[PDB]
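Written below as structure tokens is the structure these notes are about.
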Amino acid sequence: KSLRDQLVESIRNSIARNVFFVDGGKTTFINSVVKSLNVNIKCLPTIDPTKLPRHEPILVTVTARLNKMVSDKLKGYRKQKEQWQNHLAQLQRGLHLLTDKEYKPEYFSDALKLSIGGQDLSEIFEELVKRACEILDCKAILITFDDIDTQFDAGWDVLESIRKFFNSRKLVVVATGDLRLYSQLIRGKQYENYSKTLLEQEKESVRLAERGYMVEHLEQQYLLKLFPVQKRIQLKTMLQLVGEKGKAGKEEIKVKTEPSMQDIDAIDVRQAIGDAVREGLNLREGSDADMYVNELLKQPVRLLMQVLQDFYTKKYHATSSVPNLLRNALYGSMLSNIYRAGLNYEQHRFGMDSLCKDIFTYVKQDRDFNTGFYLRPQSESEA
Amino acid sequence: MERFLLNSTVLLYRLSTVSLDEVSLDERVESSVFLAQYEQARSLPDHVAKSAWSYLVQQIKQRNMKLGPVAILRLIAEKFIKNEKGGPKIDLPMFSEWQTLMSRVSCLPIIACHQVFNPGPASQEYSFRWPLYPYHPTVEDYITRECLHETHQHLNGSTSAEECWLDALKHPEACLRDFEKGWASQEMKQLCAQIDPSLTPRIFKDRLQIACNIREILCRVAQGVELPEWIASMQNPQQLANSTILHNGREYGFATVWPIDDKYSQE
Amino acid sequence: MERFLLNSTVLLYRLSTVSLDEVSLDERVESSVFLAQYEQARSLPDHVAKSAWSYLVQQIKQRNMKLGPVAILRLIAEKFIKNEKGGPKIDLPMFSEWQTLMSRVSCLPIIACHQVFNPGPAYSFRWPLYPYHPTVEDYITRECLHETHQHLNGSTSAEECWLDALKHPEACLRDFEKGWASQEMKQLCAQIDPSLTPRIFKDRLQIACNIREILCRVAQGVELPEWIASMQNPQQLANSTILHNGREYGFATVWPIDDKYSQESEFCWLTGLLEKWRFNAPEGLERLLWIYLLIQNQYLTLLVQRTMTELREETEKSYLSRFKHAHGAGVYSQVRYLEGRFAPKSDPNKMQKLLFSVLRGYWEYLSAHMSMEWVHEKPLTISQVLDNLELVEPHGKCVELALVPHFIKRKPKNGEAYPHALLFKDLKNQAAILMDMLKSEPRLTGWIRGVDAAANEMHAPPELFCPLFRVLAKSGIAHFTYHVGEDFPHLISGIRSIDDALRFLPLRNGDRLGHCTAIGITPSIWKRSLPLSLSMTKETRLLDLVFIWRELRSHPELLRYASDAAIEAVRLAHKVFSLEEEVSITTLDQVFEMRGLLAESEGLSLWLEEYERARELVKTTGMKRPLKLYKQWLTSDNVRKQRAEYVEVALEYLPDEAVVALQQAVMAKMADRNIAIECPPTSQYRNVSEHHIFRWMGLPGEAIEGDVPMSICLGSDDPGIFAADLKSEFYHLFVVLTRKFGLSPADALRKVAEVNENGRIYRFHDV
Ligand SMILES: [Zn+2]
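Residue numbers (the authors' numbering), protein chains in the order written: chain N, 35 to 50, 69 to 76, 81 to 94, 102 to 140, 147 to 183, 190 to 395, 412 to 474; chain C, 1 to 267; chain D, 1 to 122, 126 to 309, 322 to 619, 631 to 708, 714 to 798.
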């Protein structure tokens, strides 16, 4: 919550690239920041790129929302209205550009109808932005963008929106997600600029490596300007939201394990996790259980919340084994990890026998073989 | 062609139904105009219609006006009414045309138009005198010498209709009474359907209330009085079918103050 | 009054809206009828309608019928039709009235009713009906007619098109909505039925299908399927099927005939239904019949007042139908010389498909009458068809076909190199297609006899086509036709159009123009409801002024007007060209006489000669100023803007006398060039007797002193009637002349003849 506080203050101190980013839930935080934004700057309902039909331009989506709020302030209380439809029509008319699979020759006369010379959609959109800022009497606008984890290919489109339409002095941006995915996106695009024949001709180590070098160089020079360092917000993780072993505790969280949990019976967070692990692992209060639960709180927020929200759910259900409840939570939480590990997938075939082979394999990909039977959570692989 | 833009049931329907901030109606207006002219003047050979409308819009744009009753009155007055000797008059050649018009439209708005944007010398205080007339010295001398002689006056009591408009506005409830007591009459049913198919006494009274409200509001603005707040809430024309307006929980009357005691006097 | 009961949008609305068990509704009729008549025949004096309806119901009650199409049709049939010599025929005095009605309704139901309640001596349905006159019949037999103007609904009568729609309902939908976006038909639809919309369009169509199905079931008298009981609200018939109790029941049933949508099928069906209802009818089914008939009527009216449906006419069925109708019911063809007018298609393949369809239909028609070695008994290519046809000879037993492609002129678009450039692109495309077929198969030239340029005139002036006509002539197109004088901003404008067509188009002796209504209408009856001033294009205004001066130069009694027109034309030229120097009207004419030249000749194989037709002009040294002005007029954006601009013209700008002098000068040119006019019957005319056809044909009290004979021919194209025919309008002309003009029948027969022989004399058919 302090994260969003400092974010709001900073971007407020951003108006006197123009892109802020949030690494990571990401969507919850972004919605929080938006509502916090409700020094006059206007926000847009966040665009979820992965929730948009497969063929629009991000810019047309933007312009649709823009039409909405602009008309809304316009339906409220005109000589500005007709001027606005002027730019709207000009843009729409010059909207085919990004679209067409070719260039149509008859468009030349349109290209000769009348301050840079041409049908720059960037300047058209910036004129739109100017008109909107005038109309809504705001210093600028923010454009807000959702994680592309469910579809990481679309965000590329958002970035092109950025560079062809978002190089404005009246727009700030706020994106979220993993820059990792943006990285392979942009690098992959880059290779898409290579000529194939060249690729399948000049294909051994020397130039393959130099090509990788040049492409990664461009990737870096590219994303770097795309996301200025000052404008990323780290966002504090859950475990760093909380004392690692009690020598910390910046804003303890506290959670409610029962339905009643009248704001005082909420069983901390760390202590509830420790209980779950210890008596769900028959594990005592040593540090290994402690270190377990720390490496249990290091997991993605949704993962941990789900596995800690089901275990106590079924525990209360049965209260009207802890090690079987917690195992059911782990199974439904990590089935993909266990399933991809080649580990037993069927549930009715559990017995004991499955266990021996299961852990024997586990140590086989965890290497170890010295204390693999410890089943200790210290693999460089998060699964 | 102007006449239709001031007399068109379809135009009224569209304007009344549609909202107040929609803007850019020209296409709808054009369509309504052609439907109307089709209804009244059947014989027009259907292309003179486009020619005339186009010429009108050419006039509006060239004189930098917007489609609207103001520009309509502009064209009408400049076309018809001139100032000569004493007060404004109608040119002799276009007199017959003028009656063809007045058969369908009221002169008073046109007269105000002429006085306002083309007053005669600022020496004759003009007092509204209807109807307007042309000028002929010979005829005028004959009238002075012999005066006229009225034998047949039995149409609308003995007054002209434009007065009955203000009379109903004074007495709208009773006008509604007279309408309804007779609306059951088939002949009245036939006439009402013929002119406005979907009239009914309900929309009769509704239009009456709307007109009263519009008059009060526009008198306020003509006095240039601060555009009272509830206009902001005022968003659909239908809302004027009520004697009042609800802005935020509070109901506001449309009445304003008038310089003249008879708020219904043609003066 | 009757017509309103069968043709009324409001009646349709009320009937469809009210439930099927309502009963005691005759007020809805009397009220709705007064409405519908108020809209349509507004002029009735508010009491005649009352009295007429009262007398109608009077007759109904006296004769003990129920208000309904049974009684209405019985009244109409007894009043109009009789049984006479051969099949029922119609009274000569009442013929014009019958046509006035056919402008509103369809004959077929009335016909069936007459057969039912008054069959002749113990017939095959045939449309249209006719009166009788022995002399006229003998004339027609001895000479037959000659169809010269048939292009209204393709070339077919609409009543078949309605059946065609029911056959391909979806298709007529498609055509409707594709065009529903076009403004023009939106206004037409609003004017006809305000709340029409494609939605209720579909609804009414499928409903009518339902009704015909159900009424056919009862006409066969079949055990009255249960679901009628559930059928309670006409809108229930707006769906392809109906739900009785959990089950969904369709309406299709077995009909004796194979062509389920045949006019003859409908004839037999309605005959049986009426026979079963000779004494009474179930009110629900009877309401079904009103609604059916009404829907027919309004759809038909829409159609007449008006692409894929036409494409559906591209089988050798419609044309064979056309030919069988053209031939009478007898062994010899009722008509002699037919003109086959067809819309050109931009695709060579569509073009050849249409051509083969037409040709095969004609060959089959001829085969159905003559026996002879056909070489290819089952031809499949146009080549084989012509191989069959060339063996045919002009005995006259069958019809002789002459084929002509239409040229449709569209309004110029917002932006182009020169006016109508794109339209000219399209037209040259069609023409190239045509000439290349001519090359490939030269034999068609004996069949494609002339090319015609039709459609609303203002969208393009004729000169756009002179190079087209010239190149086509060199291709081998004998004859040329171009619609003129029909519709126009000002009567002077129409006259100018006609004369410029004369002086510009490559028209040879005997060519035929078309409507030319401008030279037909008097100024007296040309202004009857019009505004006192008329807005019209600046360019056309200038052309009219130039033309007026050109013509009236030589007339002493109008020299004032001539000098005027010169002066105003000069002023208009200065403004439109925004001229800086002085321009003489002489120079203006030098400019405007050039309008027959192709834009892209030299100022912008067969097309060569015309490409260079600008060469001699440019060679002409003294034409400098005219050439530059012409170039500007074509290209200058400002000039084209002012050309589009409009201006008012005094209704009575020129005296009727001046107008008549202009017209008569035009007729002088026409006779000089021996060019004919296809005059069909058709807005301002309250009665047909006011028809300008008569003015030419020389009626005392109608012809004008300076009139000259103009070689007029007959045309079976009346825009606002159903199942019109060349014979029908021959009857029209004969009866009107005989009765309204009192001429002896021999005289009237002669008078209509000379027009008929004009048609033959100037026939486009190969010799
Ligand atoms: Zn025609």
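Note that beta-carbon positions come from the ideal geometry of N, C-alpha and C, so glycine has one too.
Using a cutoff of 7 angstroms, the CB of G529/D counts as near ligand 1, since one of the ligand's heavy atoms is closer than that.
Under the DSSP assignment, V257/C falls outside any alpha helix (DSSP H); it carries neither an H nor an E label.
In the DSSP assignment, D559/D falls within the alpha helix (DSSP H) that extends over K553 to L567. Rounded to whole angstroms, the gap between the alpha carbons of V561/D and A193/C is 51 angstroms. Around the CB of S265/C, fewer than 16 other CB atoms lie within 10 Å, so the residue is classed as exposed. Judged by DSSP in its simplified three-state form, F422/D adopts strand. Every beta strand (DSSP E) stretch that sits fully inside the region 131 to 172 of chain D and reaches 3 residues is listed by chain position as 148 to 150. Exposed is the label assigned to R202/C, since fewer than 16 other Cβ atoms lie within 10 Å of its Cβ.
At a cut-off of 8 angstroms between beta-carbon atoms, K150/N makes contact with chain C. Distances between the C-beta of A469/D and the heavy atoms of ligand 1 include at least one below 7 angstroms. Excluding its 5 nearest sequence neighbours in each direction, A697/D has C-beta neighbours in its own chain below 6 angstroms: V739, listed in chain order.
Within 7 angstroms of the C-beta of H152/D there is at least one heavy atom belonging to ligand 1. Between the region 281 to 298 of chain D and the region 145 to 157 of chain D there are fewer than three C-beta pairs closer than 8 angstroms, too few to call the two in contact.
Under the three-state reduction of DSSP output, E415/D falls in the strand class. Taking a beta-carbon distance threshold of 8 angstroms, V23/C counts as an interface residue toward chain N. The alpha-carbon of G442/N is positioned some 22 angstroms away from that of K389/N.
When distances are taken from the beta-carbon of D502/D to the heavy atoms of ligand 1, even the shortest one reaches 7 angstroms or more.
Within the same chain, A71 and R74 come within 7 angstroms of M65/C by CB-CB distance, once the 5 residues on both sides are set aside. Taken atom to atom, the span from the alpha-carbon of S759/D to that of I90/D is near 11 angstroms. Shown here, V499/D sits in coil according to DSSP, grouped into three states, outside any helix or strand. Between ligand 1 and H498/D, a heavy atom-to-CB distance of less than 7 angstroms is present. Cβ-Cβ distances below 7 angstroms link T84/N to nothing in the same chain once the five nearest sequence neighbours on each side are left out. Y352/D has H149/D and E415/D as its beta-bridge partners, per DSSP. Each residue's CA atom was taken as its position, placing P504/D and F128/C some 40 angstroms apart.
Taking C-alpha positions only, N87/N is separated from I308/N by approximately 15 angstroms. Distances taken from the Cβ of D196/D to the heavy atoms of ligand 1 include none shorter than 7 angstroms. Within the region 117 to 131 of chain N, no residue has a Cβ lying closer than 9 angstroms to any Cβ of chain C. Residue pairing from DSSP places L246/N in a beta bridge opposite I216/N. Taken in chain order, the members of the region 495 to 511 of chain D whose beta-carbon sits within less than 7 angstroms of a beta-carbon on chain C are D502 and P504. No heavy atom of ligand 1 is found nearer than 7 angstroms to the CB of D526/D. One Cα belongs to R359/N, the other to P414/N, and the distance between them is close to 13 angstroms.
In this structure, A446/D and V419/D do not form a Cβ contact; the two beta carbons are roughly 13 angstroms apart against a cut-off of 8 angstroms.
With a cut-off of 8 angstroms on Cβ pairs, the region 92 to 112 of chain C is in contact with the region 120 to 140 of chain C, counting three or more such pairs.
The shortest CA-to-CA distance from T532/D to any of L479/D, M693/D, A640/D and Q399/D is the one to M693/D.
Burial check for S54/D: the Cβ neighbour count within 10 Å stays below 16, so the residue is exposed.
For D141/C, the shortest C-beta to heavy atom distance toward ligand 1 is 7 angstroms or greater.
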